[PDB]
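Since the structure comes first, as structure tokens, the remarks are kept for the end.
Residue numbers (the numbering used here), protein chains in the order written: chain Z, 28 to 982; chain A, 42 to 215.
So this is what it looks like as structure tokens:
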């Protein structure tokens, strides 16, 4: 509609503000005000040129005019916004946008926010209509109402977008791969609800519809709990006003022809990891910043953890994410011989989560620079913390081919399970997993069956279990029980692992797993253990009423009582679930149970069982479920296997938290063209899964004095030991464009630093010179100790707007520091059965647990941070004025517990100031400020020492 | 088994005065094969008549008793905790009675609170039925009976009132 030869001049103002939706509390956000010109060209293109831009941040109470200039570091960005942008526009639909490569995607996305207003899908004489319409946010459901205004030719159009009903939603996530959508929980409550409404005054002119003015309003409303328990909101608004239409002289189009894609927002490369919410890294000297914070962490957490150590670790990680594997290598090279720098750096690697970390790792392992112990801590951390991409998957594959890893069993095991987890995370968001990703693992399973190596088949099945892909089902089925006339060539152990390997698969294709495991369960010729496992798999896949009924009817005549006991107890137990995730299965079990008597509930402990317990809170919309399985054998009272799992539900998703299993077949057996696979009969085996992913398993087969004189010698000479650990406990991030074309960012980061130091010096007397352990166990061993164990954990939750150079929003920060010290003497004598500790007491008030919480709104850029508390310190007999308050009131608590024997007291102090005065809602109760202290204190009796002495035996 | 354990926690004051606590764990298989244990605890000050005395007995009649005496001579304050399993009307049943003698006015607060304020609230946050009264003034009983392996009825006898609930289905067998 822009007429060739015509220049349309507009003023454009936009902002996006985050915070609690309450008048009076502080909010923060970003804003701009521009003048723009759009020149119409031929061939249904036009060029938009921004002619003046004033960038602002918002920091203050809303409504208010707390908008201020964003000052330094923006000149280059402003010059990029000012380059002409060509766009295709025909009958009101934006097509492709073209801007030079020096104009960054950030700058193009802000242009897409303006162009989004010009998307006008008007259908000539329909007053109200709807359609899936492309915008900067994606393609979503849009409804229009077209009315006649009062000037003539003029129309009022108003359109509204349901941003939760989209054929395509633009967004990026980190950290959510193991979360499984809980359909029931999502019908109870929706966590992020978004809508945008565009209001126009339009002129119907032969050239086509031209906008006289547009105003938008968009709300992104986050409910972390139920919707009535408080929300955090991002509200964005644009105002576009036509200021003039002018004839423009003889052309010579000046705009780029570099195609930057369509109107939908485009995430800058690697934005989800590189662009931090907390830290500005663009434009800084990276290697230098990394050096400074790395020095601070190493140097400041020597005797105890520095209060901010977890936040510096988060800083260190944010900077590392911005450097390649070459910079990593230059840093390692300078510090790998310093024990502490070394340790801090290898901790930082898994936390980076980028493919450059994994390349550095591959190179360090291959050049043999790490020990076995470090490699096993890290190979582990790194593979699984990856923000999986194709390069990640390649370096991970090359890693399985590394000799250093292959030559080491526990490490090869970890790397292969890890590769499976990495596949699962890459494939989690796709409809279809590319086959080549599973190739290393199907190849291992195929070569392990060809070599008839049972251990290797087990490892591959478990890893494919981790990878969780339906593409694996055909390869796994070869190892399952009952897949043909039986070609008994695999042990129960291998078959059991093949059945367990279907579990993550069932999260994506439960129907295809049910089809497999139901005939197995129903086959009365199959060993009990294997049927029971198929029943565990079946129930976790959330079967329908009819399927569960089929099982219950088959139980009326089940010949194996182990199998009957198990199934009957699983159904009875699940029928009592009160957790939404299990609602449908639990009702299926209700109905099924009516189909038989209750006599199997009389079977005792010699019989297999399953128990499900759970709990859900409707206000938090969060809950936890636990299960425990005991598979028994007729052979005896020791279980053939036991497992227990715990799972969590929240925000409409669920995840496994941790699961442990133990199997003990041999142990039992000792207490009471084809080529068969030789059965390694492990006395026992065990594994551990975290979020559904098997992270370690071990077997106990046939594992049923120079080494000590050295330690005593080491001990007599004195030992100083320090172990610190830096780590990211969880990091979840959701980013999505708001209508103005910058991304909103919801970020949960929990990191922690632990420091443990011990100085130990041992004394003995007439110890025989040819000392043995038994001589040690028979003397007076005096151990002098100076030891400290301390820990600090920070949880940061953010909702705001983020770009490389300016971030704004709301943040709640929870920090907890704990630490205890011990300086004294321990005197032991194993034969005299006497133990003795002489500890120096607390001399002064000593804080042992420090916990703070602070909710702020912030604007961060290279100039640094500007921060306000969410609850303004001040705004607007005893009881009344306190309760009937328009302001926050500091509350105070303080308990004690005196020790007479010790002349010392353990106190708990706390100061609370939150937002409950505003709304009776859970989020408002944890929003504000809080400081709590668990401390120990004297009195004056001046205890010199405090001795704990034990004496067993005859005296 | 017969053995004993002595533990002393001593705070060495400046004065040299004796300060601290001495505990002496005892244990055997007294009276008739059924395990027994005791815990005595005294202050180290020769001036002290304080004494904490705690006894356990795992009786034949599938009971488990345990008393606790503390104060003046470990007989100033008393509190027992008797637990039995068995049959109530042909149904497996179980029972715990927490009894108490004199309590230091302090603890008296905690009890009279949770028996007058706490209890009714837990009882309705669990929606239990509520009869006029259950006898004995310095006692608390809880009776559990499995009507079926998964169905249990529970009776909670407080001094001033009985709370009860029938047909509670459990997620596991009793």
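Heads up, the beta-carbon is just placed ideally off N, CA and C, and yes, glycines get one too.
Practice task
With a 10 Å radius around its C-beta and 16 neighbouring C-beta atoms as the bar for buried, classify residue 900/Z as buried or exposed.
Solution key: Sequence index remark: in the first chain, residue 900/Z carries index 873 (1-based). It counts as exposed.
Practice task
Taking residue 693/Z as part of the alpha helix (DSSP H), name the residues at either end of that continuous run.
Solution key: Stepping through the first chain from its first residue, residue 693/Z is reached at position 666. Counting along the chain, the alpha helix (DSSP H) containing residue 693/Z begins and ends at 692-698.
Problem - Assigned secondary structure, residue 598/Z (DSSP; H/G/I helix, E/B strand, else coil) - result: Position 571 of the first chain holds residue 598/Z. Helix.
Practice task
Step through the CB atoms of chain A and report whether any lies within less than 8 angstroms of the CB of residue 978/Z.
Solution key: Here residue 978/Z is taken as the residue at index 951 of the first chain, counted from 1. So yes, residue 978/Z belongs to the interface.
Practice task
Provide the residue(s) that pair with residue 371/Z in DSSP beta bridges, ordered along the chain.
Solution key: As a first step, residue 371/Z is located in the first chain; it is residue number 344 there, counting from the start. Paired residues: none, contrary to the question.
Problem - Within chain A, the residues that residue 968/Z reaches when beta carbons sit closer than 7 angstroms - result: Here the question's residue 968/Z lines up with position 941 in the first chain. Those are 54, listed as they occur along chain A.
Exercise for the section: Tell me, please, whether the CB atom of residue 167/A is closer than 8 angstroms to any CB atom in chain Z? Expected result: For this step, residue 167/A is matched to residue 126 along the second chain. No, residue 167/A lies away from the interface with chain Z (no Cβ there is under 8 angstroms from its Cβ).
Practice task
Tell me the start and end of each unbroken alpha helix (DSSP H) in the segment 115-168 of chain Z that is at least 4 residues and wholly inside, in chain order.
Solution key: 132-144
Practice task
Pull up the distance between the alpha-carbon of residue 838/Z and that of residue 939/Z, whole angstroms please.
Solution key: For the purposes of this step, residue 838/Z is identified with residue 811 of the first chain, where counting begins at 1. For the purposes of this step, residue 939/Z is identified with residue 912 of the first chain, where counting begins at 1. If you take the alpha carbons of residue 838/Z and residue 939/Z, they lie about 17 angstroms apart.
Problem - 8 angstroms Cβ cutoff, residue 930/Z in contact with chain A - result: Position 903 of the first chain, counted from the start, is the residue given in the question as residue 930/Z. Yes, because at least one Cβ of chain A sits closer than 8 angstroms to the Cβ of residue 930/Z.
Exercise for the section: Would you check if the distance between the CB atom of residue 933/Z and the CB atom of residue 963/Z is smaller than 8 angstroms? Expected result: Position 906 of the first chain, counting from 1, holds the residue named residue 933/Z. Position 936 of the first chain, counting from 1, holds the residue named residue 963/Z. In this structure, residue 963/Z lies closer than 8 angstroms to residue 933/Z by Cβ.
Exercise for the section: Within the same chain, show all residues whose beta-carbon is closer than 8 angstroms to that of residue 209/A, passing over the 5 residues directly before and after it, in chain order. Expected result: As a first step, residue 209/A must be located in the second chain, where it is residue number 168. Closer than 8 angstroms at Cβ, skipping near neighbours: 192, 193, 194 and 195.
Exercise for the section: Flag residue 61/A as yes if its beta-carbon sits less than 8 angstroms from any beta-carbon of chain Z, otherwise no. Expected result: Indexing the second chain from 1 puts residue 61/A at position 20. Output row for residue 61/A: interface = yes.
Problem - Cut-off 8 angstroms between Cβ atoms - residues of its own chain near residue 52/A, not counting five sequence neighbours on either side - result: Within the second chain, residue 52/A is the residue found at index 11, counting from 1. Once the five neighbours on either side are set aside, the close Cβ partners of residue 52/A are 60 and 61.
Problem - Sequence-distant residues of its chain with Cβ nearer than 6 angstroms to residue 921/Z (five each side left out) - result: Against the first chain, residue 921/Z aligns to sequence position 894. Closer than 6 angstroms at Cβ, skipping near neighbours: 936.
Practice task
Starting from the beta carbon of residue 628/Z, find every residue of chain A whose beta carbon is closer than 8 angstroms, and list them in chain order.
Solution key: Taking the first chain and counting its residues from 1, the one referred to as residue 628/Z is at position 601. Residues of chain A passing the Cβ test: 189, 190, 191 and 214.
Practice task
Return helix, strand or coil for residue 222/Z, following the three-state DSSP convention.
Solution key: Along the first chain, one-based indexing puts residue 222/Z at 195. Residue 222/Z falls in the strand class under three-state DSSP.
Exercise for the section: Please say whether residue 965/Z and residue 871/Z have beta carbons closer to each other than 8 angstroms? Expected result: Locating residue 871/Z in the first chain gives position 844, counting from the first residue. Locating residue 965/Z in the first chain gives position 938, counting from the first residue. It is a contact, given that the beta carbons lie within the stated cut-off.
Practice task
Could you tell me whether the Cβ of residue 621/Z comes closer than 8 angstroms to any Cβ of chain A?
Solution key: To locate residue 621/Z, count along the first chain from 1; it is residue 594. Taking Cβ atoms only, chain A never reaches closer than 8 angstroms to residue 621/Z, which makes this a no.
Problem - Cβ of residue 51/A within 8 angstroms of any chain Z Cβ - result: In the second chain, counting from the first residue as 1, residue 51/A sits at position 10. It does: the Cβ of residue 51/A has a partner Cβ on chain Z nearer than 8 angstroms.
Exercise for the section: Throw me the rounded Cβ distance for the residue 132/Z and residue 293/Z pair, which I believe falls under 8 angstroms. Expected result: Within the first chain, residue 132/Z is the residue found at index 105, counting from 1. Within the first chain, residue 293/Z is the residue found at index 266, counting from 1. Indeed, because the Cβ distance is near 5 angstroms, the residues count as touching under 8 angstroms.
Practice task
Would you grab the beta carbon distance between residue 212/A and residue 600/Z for me? Rounded to a whole angstrom, and I think it's under 8 angstroms.
Solution key: Residue mapping note: residue 212/A aligns to position 171 of the second chain, counting from 1. Residue mapping note: residue 600/Z aligns to position 573 of the first chain, counting from 1. Their Cβ separation, rounded to whole angstroms, is 5 angstroms, which keeps residue 212/A and residue 600/Z in contact under 8 angstroms.
Problem - Contiguous alpha helix (DSSP H) assignments of at least 4 residues, all confined to the segment 41-128 of chain Z - result: 102-108
Problem - Within chain A, the residues that residue 381/Z reaches when beta carbons sit closer than 7 angstroms - result: Taking the first chain and counting its residues from 1, one reaches residue 381/Z at position 354. Within 7 angstroms Cβ-Cβ: nothing; residue 381/Z doesn't reach chain A, min ~44 angstroms.
Exercise for the section: For residue 510/Z, name the three-state secondary structure that DSSP assigns. Expected result: Within the first chain, numbered from 1, the residue matching residue 510/Z stands at position 483. Residue 510/Z falls in the coil class under three-state DSSP.
Exercise for the section: Quick one: measure Cβ to Cβ for residue 212/Z and residue 607/Z, integer angstroms, because I've assumed they're closer than 8 angstroms. Expected result: As a working note, residue 212/Z is residue 185 in the first chain. As a working note, residue 607/Z is residue 580 in the first chain. Their Cβ separation, rounded to whole angstroms, is 5 angstroms, which keeps residue 212/Z and residue 607/Z in contact under 8 angstroms.
Practice task
List the residues of chain Z whose Cβ lies closer than 7 angstroms to the Cβ of residue 47/A, in chain order.
Solution key: As a working mapping, residue 47/A is identified with position 6 in the second chain. The contacting residues are 978.
Practice task
Establish whether the CB of residue 44/A and some CB of chain Z are separated by less than 8 angstroms.
Solution key: Here residue 44/A corresponds to residue number 3 of the second chain, with the count starting at 1. Yes, residue 44/A lies at the interface with chain Z (some Cβ there is under 8 angstroms from its Cβ).
Exercise for the section: Step through the CB atoms of chain Z and report whether any lies within less than 8 angstroms of the CB of residue 144/A. Expected result: Indexing the second chain from 1 puts residue 144/A at position 103. Taking Cβ atoms only, chain Z never reaches closer than 8 angstroms to residue 144/A, which makes this a no.
Handout entry: CB contact flag (residue 672/Z, residue 649/Z, <8 angstroms)
Key = Mapped onto the first chain, residue 672/Z falls at position 645. Mapped onto the first chain, residue 649/Z falls at position 622. For residue 672/Z and residue 649/Z, no; Cβs fall outside 8 angstroms.
Practice task
Assign residue 663/Z to one of three DSSP states: helix, strand, or coil.
Solution key: Translated into positions along the first chain, residue 663/Z becomes position 636. Strand at residue 663/Z.
Problem - Between the CA atoms of residue 372/Z and residue 685/Z - distance to the nearest angstrom - result: Within the first chain, numbered from 1, the residue matching residue 685/Z stands at position 658. Within the first chain, numbered from 1, the residue matching residue 372/Z stands at position 345. The alpha-carbon atoms of residue 685/Z and residue 372/Z are separated by roughly 27 angstroms.
Handout entry: Proximal residues, the segment 637-651 of chain Z versus chain A, C-beta separation under 9 angstroms
Key = 638, 639, 640 and 641
Practice task
Return the chain-ordered list of same chain residues with a C-beta closer than 6 angstroms to the C-beta of residue 235/Z, the five sequence neighbours on each side being excluded.
Solution key: Walking along the first chain from the start, residue 235/Z turns up at place 208. Cβ neighbours of residue 235/Z beyond the five flanking positions: 28.
Exercise for the section: Identify every run of the beta strand (DSSP E) within the segment 859-894 of chain Z, keeping only runs that are complete inside it and at least 3 residues long; order them along the chain. Expected result: 861-866 and 873-888
Problem - residue 543/Z beta carbon less than 8 angstroms from that of residue 557/Z - result: By 1-based counting over the first chain, the position of residue 557/Z is 530. By 1-based counting over the first chain, the position of residue 543/Z is 516. For residue 557/Z and residue 543/Z, no; Cβs fall outside 8 angstroms.
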